[PDB]
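S.K.: This is the structure I have questions about; it appears just below.
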Amino acid sequence: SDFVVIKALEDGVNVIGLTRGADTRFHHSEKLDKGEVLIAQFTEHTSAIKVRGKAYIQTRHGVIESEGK
Amino acid sequence: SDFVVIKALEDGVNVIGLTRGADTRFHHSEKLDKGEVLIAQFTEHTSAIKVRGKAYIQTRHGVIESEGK
Amino acid sequence: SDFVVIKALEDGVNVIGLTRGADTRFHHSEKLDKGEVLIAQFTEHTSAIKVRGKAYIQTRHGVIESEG
Amino acid sequence: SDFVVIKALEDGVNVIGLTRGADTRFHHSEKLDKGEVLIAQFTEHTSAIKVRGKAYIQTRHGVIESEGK
Amino acid sequence: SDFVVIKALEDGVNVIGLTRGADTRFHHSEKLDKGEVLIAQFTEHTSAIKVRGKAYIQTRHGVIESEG
Amino acid sequence: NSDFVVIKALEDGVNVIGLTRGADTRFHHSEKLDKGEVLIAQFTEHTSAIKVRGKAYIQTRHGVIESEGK
Amino acid sequence: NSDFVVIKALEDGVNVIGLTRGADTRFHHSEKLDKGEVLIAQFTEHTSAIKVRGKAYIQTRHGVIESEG
Amino acid sequence: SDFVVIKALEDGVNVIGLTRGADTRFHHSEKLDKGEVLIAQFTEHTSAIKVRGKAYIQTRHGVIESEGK
Amino acid sequence: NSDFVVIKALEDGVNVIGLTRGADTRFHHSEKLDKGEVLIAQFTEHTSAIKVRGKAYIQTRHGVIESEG
Amino acid sequence: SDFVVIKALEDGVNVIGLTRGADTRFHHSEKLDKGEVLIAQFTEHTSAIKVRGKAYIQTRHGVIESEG
Amino acid sequence: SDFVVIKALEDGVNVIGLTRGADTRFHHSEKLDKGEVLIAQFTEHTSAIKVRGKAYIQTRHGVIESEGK
Ligand SMILES: N[C@@H](Cc1c[nH]c2ccccc12)C(=O)O
Ligand SMILES: N[C@@H](Cc1c[nH]c2ccccc12)C(=O)O
Ligand SMILES: N[C@@H](Cc1c[nH]c2ccccc12)C(=O)O
Ligand SMILES: N[C@@H](Cc1c[nH]c2ccccc12)C(=O)O
Ligand SMILES: N[C@@H](Cc1c[nH]c2ccccc12)C(=O)O
Ligand SMILES: N[C@@H](Cc1c[nH]c2ccccc12)C(=O)O
Ligand SMILES: N[C@@H](Cc1c[nH]c2ccccc12)C(=O)O
Ligand SMILES: N[C@@H](Cc1c[nH]c2ccccc12)C(=O)O
Ligand SMILES: N[C@@H](Cc1c[nH]c2ccccc12)C(=O)O
Ligand SMILES: N[C@@H](Cc1c[nH]c2ccccc12)C(=O)O
Ligand SMILES: N[C@@H](Cc1c[nH]c2ccccc12)C(=O)O
Ligand SMILES: N[C@@H](Cc1c[nH]c2ccccc12)C(=O)O
């Protein structure tokens, strides 16, 4: 299973997991403060991940940055 | 299982999931506001994804950009 | 499973799914307007995909363009 | 499963599927008009694909071009 | 399964499939006229393929040309 | 089997935190690292996300990233 | 499923010979190739070694090799 | 199944195995002296490895060096 | 779907010798090749080691090696 | 299964196998003399290998040298 | 399953197979004379291979030479 690396570039960045299955909703929100790193998998319960705030992102396809505000 | 990365380049980008199976319709529309990133898999319920609006997309195959009206 | 990427370079592009199995026919036609992107897999029900209209297409084998 | 991309370079190109199994015959002819693209897999029912007419073909082994009469 | 691509460089090219199993013979010959392309798999029934005639051949090992 | 991450602690008191796999998300273990220790940690049946706090040098299949403390 | 060998006959009468898989080893088939003909042949339940006699150009996973008459 | 190489740059290096499962504890500590190498797998019982002391370390992602107290 | 070895005989009377898989080790089959013939031989249920006597050009997954008379 | 190459650069190099499982123990020590090569796998019984003495070592991750 | 290529650079080279399992001992010693090539797999019975004497060795990891007494 693939994972995504997320480095928070400011306080209060949110890594949100959406539910796998016929229903789509947020099941969890992980708050990252500046400089913190989260390495997060796709799992049985999480089939999509949303990032809100300024962060540097690595995936198998390369780097992308989310932008706050 | 494969996933796409979607960075909204403007407000109100829509990431639309089409059902796996004999029938084809939309089962969920994730809206993204400017700067937000979504990392989204193909799953048991989603076998085709559609993007409406200005966004920067990465897939196994490289980058593509969606353009809004 | 493999997928194709389709960006509509014009209004009214169709992505057509043909049926998997001993019979071959159209079961669904996804309309795309200019600028819209569809990412679409091969599936239990779709074993061939047809693009009609002006689109930029990426597959595992590279880029190919359909023309109006 | 592998697949092949076929761009029709002229009207009336045919992508023919030959049946898998002990017997070999044509089971379906998809007609393409100039500019239309087909992406078609090898399947339980098709284990060989014939292209008739001028078209641009990509497969895992590269680009090949069919020509008409 | 792997597959072979055959472009007919003249009329009357032959793509011949040999039977898989303890015994060996031709089970189907597919005629290819000049310019026609066949993409053919190895399968439950075909474990070798012979090409007779002038053709352009691609496999996973590269290109090879048959001569008439 | 599954992927792993390399974490070198660039100061004392670095925290490598495992998040629970499954429908609920909580911290189950926090492995503390002092300066210069290396931890090589996998994703597992119990761990489906890892969070790093403090200044550390990180390697994954996607390349290096560095965490920074406050 | 299963490596294959490409054999181009560089003269008439080239022989591609299959050896039997199993505890016992013998020739079970000899496929005659005349000048310019190409044979693409798999390893199989029945054939676990292939011998080429006569002048031919051979491609395998490992490269080209040439047999001499 | 993945493995790490550990070369001890000083006496007393410490390769610590952590238990796989819902509980996390060290279950084995293999000490290395200067110049000794260990090649260790991830296993049914070890899902994380900790290195203490000055060592040179190769994993699939590259070399990393641990530095001691 | 195992590895195979390409052997080209550079002189008459080269010998490709197959050793038995199992607790017991000895030769079960000796294929003689004369100058210029090529043998392409797999590892199999019955052969888990191959020995080449004489002058031949050998290709494997790991590159070319030459056996000498 | 992965394996490792050990060429002893001096007499008396030891390649030690640690047991797979909940318990960790040396179960075999192969002595290598100057210039002898061992190619050894991870197995059902051996899930860690320790090299003691001067040797040149190749693994999937590259070359590393143990020193006496 | 992996294999090793061993070319004898002198007479009396020894390719020695160690037993797979809880016990470790020699079960077969295959002698090579100068110029002979042995291509030998890992197997249900052999999980470690030792070479004595001057040989050129190729594995997945490269070329290593054994030096004889
Ligand atoms: N309990 C969650 C933890 C998690 C993994 N990846 C995530 C991404 C976003 C949010 C939560 C998560 C799960 O197993 O799915
Ligand atoms: N519950 C949906 C969530 C989802 C995943 N990928 C998506 C892409 C588009 C829209 C929704 C989704 C699913 O499991 O499939
Ligand atoms: N419901 C369709 C959706 C789909 C996936 N790929 C397609 C390609 C073309 C048309 C429709 C589709 C299916 O699972 O097959
Ligand atoms: N129903 C057919 C459709 C098809 C797939 N690939 C093809 C190639 C050529 C012609 C038809 C097809 C099938 O599953 O096989
Ligand atoms: N019915 C044949 C079709 C075929 C596939 N590949 C071929 C190559 C040559 C001749 C026929 C074929 C089969 O499944 O095997
Ligand atoms: N050996 C039989 C049956 C057979 C085995 N494999 C085949 C592939 C194709 C056609 C027939 C066969 C025959 O030649 O008739
Ligand atoms: N009936 C033979 C056909 C064949 C395949 N590969 C070959 C190589 C040489 C000679 C014959 C063959 C088989 O399935 O094995
Ligand atoms: N017992 C834990 C060990 C572990 C693995 N990865 C981790 C990451 C962080 C913290 C602990 C761990 C587990 O199997 O999951
Ligand atoms: N019947 C033998 C044929 C063979 C394959 N590879 C070989 C190498 C050497 C000698 C004989 C063989 C087998 O299946 O094993
Ligand atoms: N008995 C331990 C041996 C081991 C493998 N890798 C390790 C890493 C650290 C400590 C011990 C080990 C096991 O199978 O897990
Ligand atoms: N009988 C041992 C032999 C062995 C394999 N790899 C080793 C590494 C070191 C020492 C012994 C071994 C085993 O199968 O595990
Ligand atoms: N019968 C032995 C032959 C063998 C294979 N690899 C070897 C390496 C060394 C010595 C003998 C062998 C076996 O299956 O294991």
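Identifiers in this document derive from the order of the structure tokens: chains are assigned A, B, ..., residues are numbered from 1 separately in each chain, and ligands are numbered from 1 in order of occurrence.
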Write out as number ranges by chain each polymer residue (protein, DNA or RNA) that has an atom no more than 6 Å from ligand 6, with only C-alpha atoms and all ligand atoms counted.
M.R.: D: 22; E: 19-21, 23, 27, 45
S.K.: Could the residues in this selection be saved with N, CA, C and O atoms as a compact mmCIF listing (two decimals), in the first residue's frame?
M.R.:
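The resulting file, selection.txt, is reproduced below:
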# COMPACT_ATOMS: atom_id res chain seq x y z
N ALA D 22 -9.50 -22.69 -28.85
CA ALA D 22 -9.07 -23.60 -29.92
C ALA D 22 -9.42 -23.11 -31.33
O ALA D 22 -8.68 -23.39 -32.24
N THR E 19 0.26 -25.42 -31.86
CA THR E 19 -0.45 -25.95 -30.70
C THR E 19 0.41 -26.13 -29.48
O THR E 19 1.51 -26.67 -29.55
N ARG E 20 -0.12 -25.70 -28.34
CA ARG E 20 0.48 -25.99 -27.05
C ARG E 20 0.13 -27.40 -26.64
O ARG E 20 -1.03 -27.87 -26.79
N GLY E 21 1.12 -28.09 -26.09
CA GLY E 21 0.94 -29.44 -25.57
C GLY E 21 2.00 -30.44 -25.97
O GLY E 21 3.02 -30.06 -26.56
N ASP E 23 1.92 -32.58 -28.26
CA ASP E 23 2.01 -32.70 -29.72
C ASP E 23 2.04 -31.33 -30.41
O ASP E 23 1.48 -30.35 -29.89
N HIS E 27 -2.39 -24.79 -36.03
CA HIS E 27 -3.85 -24.82 -35.84
C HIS E 27 -4.59 -23.68 -36.54
O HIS E 27 -5.79 -23.78 -36.81
N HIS E 45 -3.77 -22.10 -26.15
CA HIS E 45 -3.73 -22.92 -27.35
C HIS E 45 -2.52 -22.70 -28.25
O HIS E 45 -2.18 -23.59 -29.04
S.K.: Hey, what does DSSP flag as strand (DSSP E or B) within range 12-44 of chain C? Can you give it to me as a ChimeraX atom specification?
M.R.: /C:13-19,26-32,37-41
S.K.: Once you have the residues from the selection above, write them out as a CSV table (one decimal), in the first residue's frame, restricted to N, CA, C and O atoms.
M.R.:
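Ended up saving to result.csv:
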chain,number,residue,atom,x,y,z
C,13,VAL,N,-16.7,16.3,-26.1
C,13,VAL,CA,-15.9,15.1,-26.3
C,13,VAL,C,-16.7,14.0,-25.6
C,13,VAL,O,-17.2,14.2,-24.5
C,14,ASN,N,-16.7,12.8,-26.2
C,14,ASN,CA,-17.2,11.6,-25.6
C,14,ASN,C,-16.1,10.6,-25.2
C,14,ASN,O,-15.2,10.3,-26.0
C,15,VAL,N,-16.2,10.1,-24.0
C,15,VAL,CA,-15.4,8.9,-23.7
C,15,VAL,C,-16.4,7.7,-23.6
C,15,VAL,O,-17.3,7.7,-22.8
C,16,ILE,N,-16.2,6.7,-24.5
C,16,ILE,CA,-17.2,5.7,-24.6
C,16,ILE,C,-16.6,4.4,-24.1
C,16,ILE,O,-15.5,4.0,-24.4
C,17,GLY,N,-17.3,3.7,-23.2
C,17,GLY,CA,-16.9,2.4,-22.7
C,17,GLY,C,-17.6,1.3,-23.4
C,17,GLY,O,-18.8,1.2,-23.5
C,18,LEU,N,-16.8,0.3,-23.9
C,18,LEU,CA,-17.3,-0.9,-24.5
C,18,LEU,C,-17.4,-2.0,-23.5
C,18,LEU,O,-16.5,-2.0,-22.6
C,19,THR,N,-18.3,-2.9,-23.7
C,19,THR,CA,-18.5,-4.0,-22.7
C,19,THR,C,-17.5,-5.1,-22.7
C,19,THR,O,-17.2,-5.6,-23.8
C,26,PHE,N,-21.8,-0.4,-26.6
C,26,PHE,CA,-21.6,0.8,-25.9
C,26,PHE,C,-22.5,0.8,-24.7
C,26,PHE,O,-23.7,0.5,-24.8
C,27,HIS,N,-22.0,1.0,-23.4
C,27,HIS,CA,-22.8,0.9,-22.3
C,27,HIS,C,-22.9,2.2,-21.6
C,27,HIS,O,-23.8,2.5,-20.9
C,28,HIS,N,-21.9,3.0,-21.9
C,28,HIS,CA,-21.8,4.4,-21.3
C,28,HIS,C,-20.9,5.4,-22.1
C,28,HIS,O,-19.8,5.1,-22.5
C,29,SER,N,-21.5,6.6,-22.2
C,29,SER,CA,-20.8,7.7,-22.9
C,29,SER,C,-20.7,8.9,-21.9
C,29,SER,O,-21.8,9.6,-21.7
C,30,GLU,N,-19.5,9.1,-21.4
C,30,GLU,CA,-19.3,10.2,-20.5
C,30,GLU,C,-18.9,11.5,-21.4
C,30,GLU,O,-17.9,11.5,-22.0
C,31,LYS,N,-19.8,12.5,-21.3
C,31,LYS,CA,-19.6,13.7,-22.0
C,31,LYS,C,-18.5,14.6,-21.3
C,31,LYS,O,-18.7,14.8,-20.1
C,32,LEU,N,-17.5,15.2,-22.0
C,32,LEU,CA,-16.6,16.1,-21.4
C,32,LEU,C,-16.6,17.5,-22.1
C,32,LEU,O,-16.4,17.6,-23.4
C,37,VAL,N,-11.2,17.1,-17.2
C,37,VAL,CA,-10.3,15.9,-17.2
C,37,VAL,C,-11.1,14.6,-16.7
C,37,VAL,O,-11.8,14.7,-15.7
C,38,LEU,N,-11.0,13.5,-17.4
C,38,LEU,CA,-11.5,12.2,-16.8
C,38,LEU,C,-10.4,11.3,-16.7
C,38,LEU,O,-9.6,11.1,-17.6
C,39,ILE,N,-10.3,10.6,-15.6
C,39,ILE,CA,-9.3,9.5,-15.4
C,39,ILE,C,-10.1,8.2,-15.2
C,39,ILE,O,-11.0,8.1,-14.3
C,40,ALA,N,-9.9,7.2,-16.1
C,40,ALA,CA,-10.8,6.1,-16.3
C,40,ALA,C,-10.1,4.8,-16.4
C,40,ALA,O,-9.2,4.6,-17.2
C,41,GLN,N,-10.6,3.8,-15.7
C,41,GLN,CA,-9.9,2.5,-15.6
C,41,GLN,C,-10.5,1.5,-16.6
C,41,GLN,O,-11.6,1.7,-17.0
S.K.: Which protein, DNA or RNA residues have an atom within 12 Å of ligand 8, counting only C-alpha atoms and all ligand atoms, as a ChimeraX atom specification?
M.R.: /A:38-40 /F:2-7,15-21,26-33,39-53 /H:17-27,42-50
S.K.: Please produce a file of the residues just selected, as an mmCIF file, in the first residue's frame, where the atoms kept are C-alpha atoms.
M.R.:
data_model
loop_
_atom_site.group_PDB
_atom_site.id
_atom_site.type_symbol
_atom_site.label_atom_id
_atom_site.label_comp_id
_atom_site.auth_asym_id
_atom_site.auth_seq_id
_atom_site.Cartn_x
_atom_site.Cartn_y
_atom_site.Cartn_z
ATOM 1 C CA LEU A 38 3.273 12.692 8.915
ATOM 2 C CA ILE A 39 3.762 9.491 6.799
ATOM 3 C CA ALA A 40 0.230 8.135 6.055
ATOM 4 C CA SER F 2 5.502 -3.571 3.397
ATOM 5 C CA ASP F 3 7.285 -0.223 3.304
ATOM 6 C CA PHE F 4 9.439 1.271 5.974
ATOM 7 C CA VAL F 5 10.801 4.702 6.924
ATOM 8 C CA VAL F 6 14.295 5.629 8.207
ATOM 9 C CA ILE F 7 14.493 8.304 10.906
ATOM 10 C CA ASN F 15 9.417 11.354 18.912
ATOM 11 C CA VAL F 16 8.450 8.677 16.370
ATOM 12 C CA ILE F 17 4.727 8.062 16.793
ATOM 13 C CA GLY F 18 2.617 5.109 15.503
ATOM 14 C CA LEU F 19 -0.997 5.718 14.617
ATOM 15 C CA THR F 20 -3.489 2.869 14.910
ATOM 16 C CA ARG F 21 -4.650 1.096 11.761
ATOM 17 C CA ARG F 26 -5.075 7.160 18.089
ATOM 18 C CA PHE F 27 -1.417 7.076 19.208
ATOM 19 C CA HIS F 28 -0.429 3.617 20.363
ATOM 20 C CA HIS F 29 3.338 4.002 20.824
ATOM 21 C CA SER F 30 5.828 6.813 20.904
ATOM 22 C CA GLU F 31 9.425 5.739 20.489
ATOM 23 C CA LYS F 32 11.788 8.431 21.748
ATOM 24 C CA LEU F 33 15.085 9.010 20.004
ATOM 25 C CA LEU F 39 15.084 3.960 13.845
ATOM 26 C CA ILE F 40 13.923 1.856 10.875
ATOM 27 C CA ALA F 41 10.215 1.354 11.216
ATOM 28 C CA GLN F 42 7.677 -0.450 9.041
ATOM 29 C CA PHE F 43 4.056 0.019 8.294
ATOM 30 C CA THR F 44 2.304 -2.909 9.923
ATOM 31 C CA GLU F 45 -1.033 -4.468 10.915
ATOM 32 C CA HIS F 46 -1.158 -2.050 13.880
ATOM 33 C CA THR F 47 0.572 1.009 12.362
ATOM 34 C CA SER F 48 -0.902 2.688 9.268
ATOM 35 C CA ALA F 49 0.573 6.149 9.828
ATOM 36 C CA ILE F 50 3.686 7.504 11.443
ATOM 37 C CA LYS F 51 4.200 11.025 12.784
ATOM 38 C CA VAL F 52 7.597 12.506 13.550
ATOM 39 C CA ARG F 53 8.171 15.321 16.056
ATOM 40 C CA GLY H 17 14.656 -5.365 17.662
ATOM 41 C CA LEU H 18 11.177 -4.067 18.488
ATOM 42 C CA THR H 19 8.194 -6.486 18.715
ATOM 43 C CA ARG H 20 5.577 -6.671 15.980
ATOM 44 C CA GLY H 21 1.952 -6.430 17.084
ATOM 45 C CA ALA H 22 -0.255 -4.229 19.250
ATOM 46 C CA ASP H 23 2.483 -3.906 21.947
ATOM 47 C CA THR H 24 5.902 -2.230 21.391
ATOM 48 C CA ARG H 25 8.993 -3.456 23.417
ATOM 49 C CA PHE H 26 12.559 -4.420 22.659
ATOM 50 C CA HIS H 27 12.811 -8.225 22.444
ATOM 51 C CA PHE H 42 12.223 -7.430 9.172
ATOM 52 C CA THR H 43 10.363 -10.509 10.328
ATOM 53 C CA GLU H 44 7.261 -11.949 11.963
ATOM 54 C CA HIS H 45 8.622 -10.757 15.344
ATOM 55 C CA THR H 46 10.567 -7.597 14.384
ATOM 56 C CA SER H 47 8.737 -4.701 12.735
ATOM 57 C CA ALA H 48 11.167 -2.000 13.797
ATOM 58 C CA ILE H 49 14.889 -1.804 14.386
ATOM 59 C CA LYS H 50 16.809 0.727 16.491
#
S.K.: For residue 34 in chain H, list every protein, DNA or RNA residue within 10 Å, evaluated using only C-alpha atoms, and leave out those in the same chain fewer than 3 positions away; present the list as a list in words.
M.R.: residues 7, 8, 9, 10, 11, 12, 13, 37, 54 and 55 of chain H; 52, 66, 67 and 68 of chain J
S.K.: Would you kindly report the residues of chain G within 9 Å of chain I, using only C-alpha atoms, as JSON, numbers by chain?
M.R.: {"G": [1, 2, 3, 5, 21, 22, 23, 24, 25, 43, 44, 48, 49, 50, 51, 52, 53, 54, 55, 60, 61, 62, 63, 65, 66, 67, 68, 69]}
S.K.: Residue 56 in chain C: which residues within 7 Å, counting only C-alpha atoms, same-chain residues fewer than 4 positions away excluded, as a short mmCIF file (atom, residue, chain, number, x, y, z; two decimals) with N, CA and C atoms, in the first residue's frame?
M.R.:
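What landed in part-v3.cif:
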data_model
loop_
_atom_site.label_atom_id
_atom_site.label_comp_id
_atom_site.auth_asym_id
_atom_site.auth_seq_id
_atom_site.Cartn_x
_atom_site.Cartn_y
_atom_site.Cartn_z
N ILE C 6 -7.90 11.51 -19.87
CA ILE C 6 -8.48 12.26 -21.00
C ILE C 6 -8.84 13.73 -20.70
N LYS C 7 -8.09 14.66 -21.29
CA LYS C 7 -8.44 16.07 -21.20
C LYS C 7 -9.13 16.58 -22.47
N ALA C 8 -10.35 17.08 -22.30
CA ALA C 8 -11.13 17.65 -23.42
C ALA C 8 -10.55 18.99 -23.90
N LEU C 9 -10.11 19.03 -25.15
CA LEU C 9 -9.62 20.27 -25.75
C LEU C 9 -10.81 21.08 -26.38
N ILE C 64 -1.27 10.55 -26.73
CA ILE C 64 -1.83 10.44 -28.08
C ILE C 64 -2.96 11.46 -28.18
N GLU C 65 -3.18 12.06 -29.34
CA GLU C 65 -4.28 13.02 -29.42
C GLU C 65 -5.39 12.55 -30.35
N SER C 66 -6.62 12.60 -29.86
CA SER C 66 -7.80 12.43 -30.74
C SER C 66 -8.13 13.75 -31.43
#
S.K.: If we count only C-alpha atoms and set the cut-off at 9 Å, which residues sit around residue 15 in chain A, ignoring sequence neighbours fewer than 5 positions away in its own chain? Please answer as JSON, numbers by chain.
M.R.: {"A": [6, 28, 29, 30, 31, 32, 38, 49, 50, 51, 52]}
S.K.: For N, CA, C and O atoms, I'd like the residues from the last selection saved as a short mmCIF file (atom, residue, chain, number, x, y, z; two decimals), in the first residue's frame.
M.R.:
data_model
loop_
_atom_site.label_atom_id
_atom_site.label_comp_id
_atom_site.auth_asym_id
_atom_site.auth_seq_id
_atom_site.Cartn_x
_atom_site.Cartn_y
_atom_site.Cartn_z
N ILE A 6 3.84 14.12 4.36
CA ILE A 6 3.32 15.47 4.51
C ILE A 6 4.11 16.24 5.57
O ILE A 6 4.14 15.82 6.71
N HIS A 28 -11.32 11.31 10.21
CA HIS A 28 -10.25 11.73 11.07
C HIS A 28 -9.50 12.92 10.50
O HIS A 28 -9.23 13.00 9.30
N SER A 29 -9.12 13.83 11.38
CA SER A 29 -8.34 15.01 11.01
C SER A 29 -7.09 15.12 11.89
O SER A 29 -7.20 15.34 13.09
N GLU A 30 -5.91 14.97 11.31
CA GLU A 30 -4.66 15.04 12.07
C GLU A 30 -4.03 16.42 11.89
O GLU A 30 -3.68 16.85 10.80
N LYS A 31 -3.93 17.13 13.00
CA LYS A 31 -3.42 18.47 13.06
C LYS A 31 -1.91 18.40 13.10
O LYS A 31 -1.35 17.79 14.01
N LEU A 32 -1.26 19.05 12.14
CA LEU A 32 0.18 19.17 12.11
C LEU A 32 0.62 20.58 12.35
O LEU A 32 0.16 21.48 11.65
N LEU A 38 4.11 13.87 8.80
CA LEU A 38 3.27 12.69 8.92
C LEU A 38 3.47 11.84 7.66
O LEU A 38 3.42 12.39 6.55
N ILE A 49 -7.24 11.21 0.71
CA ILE A 49 -6.65 12.02 1.75
C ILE A 49 -6.62 13.44 1.28
O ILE A 49 -6.15 13.71 0.18
N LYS A 50 -7.06 14.35 2.13
CA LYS A 50 -7.14 15.78 1.78
C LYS A 50 -6.25 16.57 2.69
O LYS A 50 -6.25 16.32 3.88
N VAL A 51 -5.48 17.49 2.13
CA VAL A 51 -4.59 18.31 2.95
C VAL A 51 -4.97 19.76 2.84
O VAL A 51 -5.14 20.29 1.75
N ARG A 52 -5.07 20.41 3.98
CA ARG A 52 -5.53 21.78 4.06
C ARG A 52 -4.49 22.59 4.85
O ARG A 52 -4.10 22.20 5.95
#
S.K.: Give me, as a ChimeraX atom specification, all polymer residues having an atom no more than 10 Å from residue 34 in chain F, counting only C-alpha atoms and skipping those fewer than 6 positions away in the same chain.
M.R.: /F:8-15 /H:52,67-69
S.K.: Excluding residue 58 in chain D and its own-chain neighbours fewer than 5 positions away, which residues fall within 10 Å of it when counting only C-alpha atoms? Please give them as an MDAnalysis selection string.
M.R.: (chainID C and resid 59:64) or (chainID D and resid 3:7 39 63:65)
